[PDB]
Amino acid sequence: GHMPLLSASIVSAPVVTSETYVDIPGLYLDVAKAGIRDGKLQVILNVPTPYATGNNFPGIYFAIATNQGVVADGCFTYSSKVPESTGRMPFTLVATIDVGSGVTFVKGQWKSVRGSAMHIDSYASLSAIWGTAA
C-alpha cells in the first residue's frame, strides 16, 4: 500500500532568529501527496547537533507542526549566561497525530530562546510512520 515510512533530511539551514515558530527549511513531509488521509502518524523530529548563540542563557525551541499548527514542542538551553563555547545539544521530539483530523503535511519548526541565533550545520531529519486500524 502507501509506503508507511516518510522522511526528509537536511545538512544545514540559514542562521536566523525568530520570536515565533518558523519552518526549518527542508524538514517537510507531504502527507496529502502520499494519499494518506486517515489513521495515525508517529512523527520524530531529530536535530542531533544544534547549537544556539546569544547573550542570555541561549537555546532553541523546536516543534512538530502540521497545517493545523504546533502539535508538540520542546527546547534545549545552556546552563550558563554566555557559554564559553556553545556546545552541541542533541534534541529529539516525538508526537503521534490523527491524520483523520485533517492533516495534509508535517513540518519541523524552531524558535529562539531569549533572542538566540539558531544553528543547524549538519544532519537533521523529520520522520514519520503511518499506522492504520484498517
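Each residue number is its position in the shown sequence, starting from 1.
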| property | result |
| --- | --- |
| Of 67-75 and 29-37, the stretch whose C-alpha atoms average the higher B-factor in the entry | 29-37 |
| Higher-scoring stretch by recorded Cα B factor average, 42-50 or 93-101 | 93-101 |
| Selection from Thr20, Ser116, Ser125, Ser12 [criterion: highest C-alpha temperature factor in the record] | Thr20 |
| Chain-relative CA temperature factor third for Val106 | middle |
